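Okay, so we've got the same protein chain twice, two forms, each given alone as structure tokens, structure 1 and structure 2.
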Structure 1
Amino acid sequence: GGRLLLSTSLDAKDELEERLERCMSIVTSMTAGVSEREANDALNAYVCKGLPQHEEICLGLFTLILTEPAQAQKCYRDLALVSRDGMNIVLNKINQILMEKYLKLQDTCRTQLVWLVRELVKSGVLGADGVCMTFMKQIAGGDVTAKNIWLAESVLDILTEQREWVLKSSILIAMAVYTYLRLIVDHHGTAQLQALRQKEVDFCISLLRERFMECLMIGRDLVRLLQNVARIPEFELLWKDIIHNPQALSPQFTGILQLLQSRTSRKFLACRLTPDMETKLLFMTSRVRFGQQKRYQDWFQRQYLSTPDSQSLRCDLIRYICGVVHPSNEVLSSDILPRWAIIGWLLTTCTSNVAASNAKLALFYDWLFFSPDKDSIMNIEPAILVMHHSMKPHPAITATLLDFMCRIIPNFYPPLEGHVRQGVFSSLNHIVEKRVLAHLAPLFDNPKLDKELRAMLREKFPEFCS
């Protein structure tokens, strides 16, 4: 039984934990039975003998900080004094722990690791912004367990207290805004959650108002996050400014169109999946044979999608599948589980009308302002392929998506109806030109579809229904 990670009788011994425990032993042996100056003298002498030695001491002190709260302040002081690489090796192991081990990290160590990161930020350690981003990635969307909520609030408190430092990094501002705008949606239904949500709201609003042009690098998906929190009073006010006074946010911000015509970086789409979610989704989309997906979907569903609070996660997964996962031609031609089949599965797991509606919009988000010189066929193809392949086994899925596509055009934002119609038109034309679907008429005028739905399609897009 180690002190760093939780382990059951069933669990194999962790190599990273094993190594860190040996580093700690090396440190404690050179510091046992001596003063505090004699200890620092020996550590300094040893560290100077090379970088493998430097690594052992730095990681040993690091591990003491995580496992021994009574010694942590002293060990952090000693770490800062002996470090010869600007604490690069420590930040590396922190990121590795966060990316690979967080789910097994013991409670004491999680607490200590947040304390440590706060210290690194205060010290202005190089790469601390990257550690904060890696830490945020571990806050799971659609998860209101006590441990997850604790992390959301712990990270937020660091960012709030060290806001002046936060302001030094444009990308950290945008990542923090993206992350917390999304988390705000999950934080209701309890006193603790109400308190947390208000803190997140005030934090995001402040960055949005003080640094709007930095936040604007997010692009189109920022609008999606903002519409999802639109009924919160501070965001109603922000939306009024976005629509009526965009120059008040920034003289470089002309209005909402500018944001909607700029596609979102994969960096943002990926940050809202934890590492375990990415690993499992990437595996399903690269290694699982079509027709063999049931148990994998069951496993994923049980871990990530089996609560009412978890419904919000579906939209993050959909955007990720559509905007991040772009399988190679080899995979595309093989019998591997296609992206459309995963989307179809995710759609059917919606337990509420709200979650279903949000999921449909997320699926279509790149269609709305689609431009073939910018946006990729890969982003819009799952929606059309879900519709095509569902027609025979699940016609209701096809029908609901076709109805959504028609209704979203005048409604998404009425003053931009002409742009949205042009986006959907361009998406469909691109789908045909790229031979994703060589002909739309067999779909838009399929005999299995309700005739009134087909009349609406022919009214909207007569050029495609012949």
Structure 2
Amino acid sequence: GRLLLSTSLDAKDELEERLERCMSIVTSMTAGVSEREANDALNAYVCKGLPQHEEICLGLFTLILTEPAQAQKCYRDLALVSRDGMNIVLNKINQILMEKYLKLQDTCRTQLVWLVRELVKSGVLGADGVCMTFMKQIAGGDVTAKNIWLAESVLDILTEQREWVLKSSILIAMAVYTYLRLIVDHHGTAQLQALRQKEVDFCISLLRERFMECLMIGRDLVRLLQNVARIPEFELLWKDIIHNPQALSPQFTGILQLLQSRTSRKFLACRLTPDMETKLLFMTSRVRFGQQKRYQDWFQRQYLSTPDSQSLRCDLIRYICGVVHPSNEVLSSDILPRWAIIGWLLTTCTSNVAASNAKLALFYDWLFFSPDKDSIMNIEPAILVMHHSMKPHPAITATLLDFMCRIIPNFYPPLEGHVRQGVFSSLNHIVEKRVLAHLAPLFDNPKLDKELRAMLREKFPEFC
């Protein structure tokens, strides 16, 4: 196979087979002939009809991926012969990125990066979409050579073509969200530090020049900024956010309005690779409760077994709370519930800092919860994992309860009042919606702690 890595066990890939067929059609007209003669031949052939047009575009595309010494010539021919502004090519790129990226041969990956950059420079329609789909293949919690290569490669395109990036509000927010998150992972070697600095400068310039566009991210932007707050460039940014927000934008009152704005789902989703999503969605829709062990083991083995992978866990947790909102039929079935997934992910934490970050991600929509603007499905997992862990693993219930109390003055002290109000609104609304009918039997349960059972029977009087 020319596009994909395959073992002898792997079935033949239908998409790879189709692209190879197309390349061989183009090749039948371009080999052994001059470049002018070749273009005359392709022009003629394309005119015969729309499927021939597809064959030729997909052919040239595949040659660009598989023949780097013919790539510049073939992109030139592609641009010339394409009748749909390279749209068929863009769909196929997105298809390759969403479905085949992990199997894509090194040469083909290198070439694809080259192609996208060439697409940006040409001002092709939809290129910004392609860049976002590309960014989604950069996995969080992964500092392998190939993943780091992709992070830097895409960043280089974005920075070199920053003027073009500024035309796309969504691409600005997405690039900032993506790189603010990856920065956390980029330390430990000289190579990682050098890349982090480039990512810092890039995010900082977009935040300062286009703050308002970055705000469409919503409150999770704050979580990401806190996680990089000790980096000098970001300390400066914070004092501007906290003390004179107006420099950032006249339309930016302060951090509160940002905390009171929900996070858009596309941002939470972009920090899971296609394979991560496919697996979690399958777990939360098709896996029967009681049958989840091997699925969990398989997921854990692939994504959560390295020390570097720890940061990936908050992304999964925000994704479960904010993106996976199961139908009524799933909720009323024996399907693996979101709270069980959450409980599983919490036990895979291998340090107290990871645990704390995980808990913050779980409760993140509790902090400033307004019942008319926020979805109750975002706050449901936390309360349900607390409730259902009472008997079996009372350790989990206890610690989350402790965190729920202590996060109020600690999350962001000048807004303790608001956070307190948020946690209260969350709790109230959880009762009003019958997610949990009674809050009392969670605070007096005999299987709890001496100190905590007391700490509970205090912090909220309304639950005795």
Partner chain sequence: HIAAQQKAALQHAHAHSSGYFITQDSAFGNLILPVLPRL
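Sequence positions of structure 1, starting at 1, serve as the residue numbers. Between two forms, the rigid core is defined as the largest C-alpha subset superposing within 1.5 Å.
- Structure 2, not structure 1, is the form solved without the partner chain.
- After superposing the rigid core, the C-alpha of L16 moves by less than 2 Å between structure 1 and structure 2.
- After superposition on the rigid core, displacement of the C-alpha of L443 between structure 1 and structure 2 stays below 2 Å.
- Taking the core as reference, the C-alpha deviation of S376 between structure 1 and structure 2 is 1.2 Å.
- The two forms line up on their rigid core, and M456 then has its Cα shifted by 2.4 Å between structure 1 and structure 2.
- Taking the core as the reference frame, the CA atom of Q106 shifts 0.1 angstrom between structure 1 and structure 2.
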